[PDB]
């Protein structure tokens, strides 16, 4: 009778629930917060307090960015179609991972690879252009070296105050000085910031070996950060459409080009 399931993160078979070896009462006695629970359940580690707080700040900063982005819009459409909360949320979450919400992960990987390989920022920039590859985590539809992004400033201020070192973030900022020298909209965007700061946390907070940090980036920890954070906003938009008593939506024919054979 060899067990068909295997699990590492939570044991609810005893009288008191356990998260990664910490009884739930100790989680609260130690004031771990949501960020510390995430460290237990996603990484099976008791993270330092500043790392737990940084995780919570990432969830707060990614909670929403308005009703116009793909996933919020799809949730809103479901809500207006009279659907339940979970269906509507899911409809929006399913838009995430590539062009919407995927740049956190892509930036963490692309910057880590350049940094680890020893290529300097100017040569990384020149390489990616000669190769016609966009630098993930760089560029924004509206923000600029003159209209800075406040979410970037907030997270940047915090990690510099608490992290032992932020080498990948510093490298990414050297890239930004070069890219914005040319095009002022090629800033380090909020997705690139979270991505590189999260690598710096995993690599420098002391709870991970390099191999462990590399594995958690590879299996999608950062995808999870964006998904969990933005779920709060999408549920908010679901509730908002119901509070505003919004009826069924159908897209107007004027905004659609039909090109049949």
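Residue numbers count along the first chain shown, from 1.
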Mean C-alpha temperature factor, higher of 180 to 188 and 77 to 85: 180 to 188
112 to 120 set against 126 to 134, stretch whose average Cα temperature factor tops the other in the entry: 126 to 134
Residue with maximal Cα B-factor (values as given in the PDB entry) among 70, 231, 53, 209: 209
13, 237, 251, 243, ranked by C-alpha B-factor: the highest one: 243
Residue 166 - Cα temperature factor, lowest/middle/highest third of chain: middle
B-factor third for the C-alpha atom of residue 8 within its chain: middle
Position of residue 194 among the chain's modelled residues by C-alpha B-factor, lowest, middle or highest third: lowest
Chain thirds of CA B-factor: placement of residue 175: middle
Residue 214 CA temperature factor, ranked by third within the chain: middle
